[PDB]
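Peer 1: Below is the sequence, then the experimental coordinates.
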There are 4 protein chains.
Amino acid sequence: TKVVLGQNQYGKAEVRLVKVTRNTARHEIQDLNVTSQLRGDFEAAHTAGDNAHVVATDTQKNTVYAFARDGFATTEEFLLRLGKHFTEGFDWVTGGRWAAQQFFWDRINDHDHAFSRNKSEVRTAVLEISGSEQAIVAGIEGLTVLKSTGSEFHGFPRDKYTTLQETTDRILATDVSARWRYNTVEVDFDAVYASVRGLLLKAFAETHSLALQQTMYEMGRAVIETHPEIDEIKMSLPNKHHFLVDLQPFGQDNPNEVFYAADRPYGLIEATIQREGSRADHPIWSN
Amino acid sequence: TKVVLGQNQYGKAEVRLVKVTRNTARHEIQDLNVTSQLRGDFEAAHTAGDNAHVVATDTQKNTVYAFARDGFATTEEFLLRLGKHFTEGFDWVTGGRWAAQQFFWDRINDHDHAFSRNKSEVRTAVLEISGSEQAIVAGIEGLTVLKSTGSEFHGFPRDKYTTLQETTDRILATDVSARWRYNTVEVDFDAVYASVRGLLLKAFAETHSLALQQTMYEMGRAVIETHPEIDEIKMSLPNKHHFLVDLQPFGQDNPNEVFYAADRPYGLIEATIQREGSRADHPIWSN
Amino acid sequence: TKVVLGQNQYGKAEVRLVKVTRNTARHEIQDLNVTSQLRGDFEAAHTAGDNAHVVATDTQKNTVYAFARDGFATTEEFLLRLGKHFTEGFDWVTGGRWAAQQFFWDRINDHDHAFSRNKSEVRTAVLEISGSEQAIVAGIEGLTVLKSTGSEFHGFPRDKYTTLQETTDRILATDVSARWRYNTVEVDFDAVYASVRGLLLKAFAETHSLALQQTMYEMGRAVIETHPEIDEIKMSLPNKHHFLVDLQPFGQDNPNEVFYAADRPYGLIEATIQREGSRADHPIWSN
Amino acid sequence: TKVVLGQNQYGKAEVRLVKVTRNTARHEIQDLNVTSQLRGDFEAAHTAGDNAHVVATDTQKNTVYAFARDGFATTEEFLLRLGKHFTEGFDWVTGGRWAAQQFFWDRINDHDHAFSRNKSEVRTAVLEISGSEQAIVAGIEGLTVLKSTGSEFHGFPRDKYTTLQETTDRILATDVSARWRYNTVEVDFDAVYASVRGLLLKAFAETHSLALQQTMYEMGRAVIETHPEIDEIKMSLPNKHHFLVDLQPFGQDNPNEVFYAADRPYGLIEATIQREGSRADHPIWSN
Ligand SMILES: O=c1[nH]c(=O)c2[nH]c(=O)[nH]c2[nH]1
Ligand SMILES: O=c1[nH]c(=O)c2[nH]c(=O)[nH]c2[nH]1
Ligand SMILES: O=c1[nH]c(=O)c2[nH]c(=O)[nH]c2[nH]1
Ligand SMILES: O=c1[nH]c(=O)c2[nH]c(=O)[nH]c2[nH]1
């Protein structure tokens, strides 16, 4: 009978920006995919179509490019400027969500202005402003890893639907997707990203795995124990199955050498590793 | 300084199931992409690699196929059976999240056992159990719609970065992605899905749009007002830009006929239309 | 020692065009993905960077939109116009390849100007011009089909690497990818496309399959036998495996009802069905 | 008026193989996506469903894994083994087409058995056997490159649809997709691939580009001039547009710093650079 407008947000998504720094002959490249969405009083926009409060998504896009002209130290510093601009520039805009994917480039043979894409991972950043409060979540994704041994899986309950054989030697392969929330915007964003990346990789490789859940816990633990500015880190790790092919029918054996890398289905293990005492449900993990 | 395991879940993702009903010559097809994840006490599994509580993702997979043998009336009913099985079959399992995508098939010229895929839309369903609480969210995605007229956008503020020209006649194109939460399990799931689909399409097409926001509001309003079993519906609608090409440099006019369909960037308008008084932030939305 | 520039072509690829017909209240929609590439004397452009013969890809793009203004009955007609324009307008351009994907839209409840995308198939057209000769190849792709029965596979040879079991009842699923070459440009393109589509579907569903190769042959034969204007048709059909899941480990049988739809690998059966006497290797197929 | 079976081939496509070498604690990883297709006398299989000559695609799949058990020096040599096996092991099999994609992995901190994927490029190999002739085409794809300067485009004709302005400073970005045909199978496949990759990147980066066509020509020339075993190299280079954003309406200049990286459309420049006097129509290119 009675209808109400709940949570809502709008903006320009996937604004592909490439910023070249060339004050000198040694060019630098920053490559981003930016998304900007505003939150505030947009009641009349939805109920009557009154756009008095609707800062056009096209305008939001223009602002991204206009601000890029001044340059930015890091992706997070750039998002901070955008959110500050919109929340403060319009009285009816009380906050928003600004995010970006950062793509890496490597110089071609150390050339001053020629590069190739490093597609092995994608860095992410998300800024959320709610009135007087703001929070930043950084992350990494698309980083595929694999252990050819040093992985086990046994001791699991065996019910009517269980057929999986226990094993003390299997391949452990996953795609590293992690996102961590900072407890302060006063961070050396680039240095921490590199550190976290190394910690996750190290924990994955050096942990003798008794389960993907265990490996993930150790990856998240290393990060929390190492960075005081991080209150928690969330991870979503698929278990990309590599089946040891049965070669007995061909008169052969398969000593953990020949595998069939299956696409789907896959295991999906997810968890939040956090610093004792920190809040368990920050708003930034929603909408 | 103390590290602690927070929210977590695990299971098998994207189990592709095709169920054929052939007790009669008139074969029927049910096509799903199922994901199953459990929640409960998995503390030891993460901190010590003790898998006593870890129902193998392989087992969860086997269960999906075994349960499909008995058949199911709807996707939601199928997910309900899985959720009850795991939560009740294991004491340390207190809940979880079971989701599925349903793909449609049409008979080839009414053939008894030959079909073609209807890729114009994908139906979704998600069941979440938390203790004694159960919640179901159904939805639709991948349904692309377009209005060649009956759309306007003007009256928006103009700042230093605004260059967009007001208009009273433009193309409005989007991909309908909607999800609605049921307030009861006593629902004719297939009947409501077909009805909601028709209501979203009807509202999109018949509403003289003054803004995508207004169109989205009308689509949601229609659903809430028609179905007592729905407490809220969320929508994420991209505004897929179709630019009117300027042919004047060539001495030709373009009476809203020739357009360039851009990929990115795109506007992204999202909102929640709720039944007045209903829950503000159900946990099923955060996953 | 001696390097030579061989075959070459260049142009603008994937120009997204949406042409709306609104002479009256009953709007029509034509949605294309156009690619234009030229062939001729571009020796100096490659070897010396002399761009005198290089009609800019940007110009080719503009030409596509400029020609769209005048409208067009069929996709093939539109491509013919482009080919004629470039070959005759520049003396050093001796030929080219113009291609397009045509996307289908359906009216929303018979609305005058509101539509929904029919994503169940994509139509293709390719025009190649060489000197004074031209050829057109039309096609269909993305049309997924499945037979729940009426498919067998037995009688194949067995070697030491053979483990497949014979069967008289299996699911046969594929993606219909077919392309056919017209032996004249005087064709009712839209009518032949609709007919061919129908013939392929009929042969697929109605042929009791003893092999994917056999079904494909029948599909091709139906087309050649029905349309005099078609000299040959090439098909590429993957065999989308739907494995009958083994439920015996769970105490159940599986009477051809529960299947696992695997992604990869997949069988890939390809063939050219030709009209006795027609050309054996027309250049359009190579590119 | 009669129907004839023309060219045809069939087999198993995209067989995902991971071969782990673990003779010592220093594990090695070989990751391939293999496709196997046979050619020969399959007339009866198509016209009558007689499968006597049809070596099951499932059998072809099995052979891939069985052969992997013995290990292989390079991707090309693995394909050669498969091709010879099928062509020599079946009288009605006169040839075929075997191809593979090779995915690269890097050790994590020089770890003995932990690796991460290098997704910056994918290596390819295609082998076609016809009687006693064995033809191999190696290649690379997915290698995105970009020059921030050192690229110009001017001197092109300005026809009636030309609006593009001349420029002496622009970004040149492309996806390096190249394939070269060896004139002998006696090649150090890994060494030549590494050399070719280096030469393409070197020519792309150091050539002051007056056009994408020129840059492509220099890339191919370098390969042909350096490797006697290569008869020709074909490249398909998209011109991925990075449009210099006009910030003048916002009161700012933009000294080649802020760009909009567009998705579509894109220029597509392609050409074959051959060794003078070599075969210009090898069958392997038709596929
Ligand atoms: O590390 C694992 N965790 C699981 O929950 C699981 N389930 C499974 O089948 N294999 C694995 N492996
Ligand atoms: O319906 C619209 N809403 C917006 O917020 C917007 N912004 C924009 O540029 N075009 C539109 N259209
Ligand atoms: O290097 C180029 N070659 C072209 O053929 C072309 N066309 C165009 O618009 N830009 C470019 N650039
Ligand atoms: O119709 C088929 N053709 C094949 O060549 C083949 N190979 C296979 O394993 N199954 C099938 N099915």
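Peer 2: Looks like it arrived, so ask away. Numbers count the residues shown, from 1 in each chain, chains lettered A, B, ... in the order given. Ligands and ions are numbered 1, 2, ... in the order given.
Peer 1: can you point me to the longest helix in chain A?
Peer 2: Among the segments of chain A that qualify as a helix by DSSP state H, the longest is helix A:189-206.
Peer 1: May I have that helix as CSV, with CA atoms only?
Peer 2: What follows is helix A:189-206 as a C-alpha-only set of coordinates in CSV (Å, rounded to 0.1, in the frame of the first residue of the first chain):
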residue,chain,number,x,y,z
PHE,A,189,49.1,3.8,0.5
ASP,A,190,51.7,2.6,-2.0
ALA,A,191,54.1,1.2,0.5
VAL,A,192,51.4,-0.7,2.4
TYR,A,193,49.9,-2.1,-0.8
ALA,A,194,53.2,-3.6,-1.8
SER,A,195,53.8,-4.9,1.7
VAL,A,196,50.4,-6.5,2.0
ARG,A,197,50.8,-8.1,-1.4
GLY,A,198,54.1,-9.6,-0.4
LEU,A,199,52.7,-10.8,2.9
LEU,A,200,49.8,-12.6,1.2
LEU,A,201,52.0,-14.2,-1.3
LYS,A,202,54.5,-15.3,1.3
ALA,A,203,51.9,-16.8,3.7
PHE,A,204,50.4,-18.7,0.8
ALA,A,205,53.7,-20.2,-0.4
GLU,A,206,55.3,-20.9,3.0
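Peer 1: chain center to that helix: distance?
Peer 2: 13 Å (Cα atoms, centre = their mean, to the nearest Å).
Peer 1: same thing with stretch A:183-201?
Peer 2: With Cα atoms, centre = their mean as the basis, the distance from the averaged C-alpha position of stretch A:183-201 to the chain average is 13 Å.
Peer 1: next one: stretch A:240-256
Peer 2: The chain centre lies 35 Å from the centre of stretch A:240-256; the measure is Cα atoms, centre = their mean.
Peer 1: Check whether that stretch comes near chain D.
Peer 2: Yes: residues of stretch A:240-256 are located near chain D by Cβ under 8 Å from any Cβ of the partner chain, namely A:242, A:245, A:247, A:249, A:250, A:252, A:254, A:255, A:256. Bear in mind the C-beta positions are built from the backbone N, C-alpha and C, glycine included.
Peer 1: could I get these as JSON lines with neighbour count?
Peer 2: Shown next, in JSON lines, are the residues of stretch A:240-256 next to chain D (neighbours: other Cβ atoms under 10 Å in any protein chain shown):
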{"residue": "A:242", "neighbour count": "22"}
{"residue": "A:245", "neighbour count": "21"}
{"residue": "A:247", "neighbour count": "19"}
{"residue": "A:249", "neighbour count": "12"}
{"residue": "A:250", "neighbour count": "20"}
{"residue": "A:252", "neighbour count": "15"}
{"residue": "A:254", "neighbour count": "17"}
{"residue": "A:255", "neighbour count": "12"}
{"residue": "A:256", "neighbour count": "15"}
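Peer 1: Next step: these restricted to strands.
Peer 2: Taking DSSP state E, the ones among those that sit in strands are residue A:242.
Peer 1: buried ones in the longest strand belonging to chain A?
Peer 2: Longest among the strand segments of chain A by residue count, using DSSP E, is strand A:3-21. Using 16 or more other Cβ atoms under 10 Å in any protein chain shown as the burial criterion, the residues of strand A:3-21 that qualify are A:3-20.
Peer 1: Ok, stretch A:225-235 next?
Peer 2: Neighbour-count burial for stretch A:225-235 [16+ other Cβ under 10 Å]: A:227, A:230, A:231, A:232, A:233, A:234, A:235.
Peer 1: so how far is the strand or helix carrying the fourth one from its chain's centroid?
Peer 2: If I follow you right, that is residue A:232. Secondary structure assigned from DSSP states H and E places residue A:232 in strand A:230-239. For strand A:230-239, the distance from its own C-alpha centre to the chain's C-alpha centre is 9 Å (Cα atoms, centre = their mean).
Peer 1: do that strand and chain C meet at all?
Peer 2: No: applying Cβ under 8 Å from any Cβ, one finds that strand A:230-239 is not in contact with chain C, the shortest distance being 14.2 Å.
Peer 1: So in that sheet, which strands flank that strand, and in what orientation?
Peer 2: For strand A:230-239, sheet partners with direction are given as strand A:172-182 (antiparallel), strand A:266-275 (antiparallel), following DSSP bridges.
Peer 1: Report whether that strand contacts ligand 1.
Peer 2: Yes: part of strand A:230-239 sits near ligand 1 under the criterion Cβ under 6 Å from any ligand atom, namely residue A:239.
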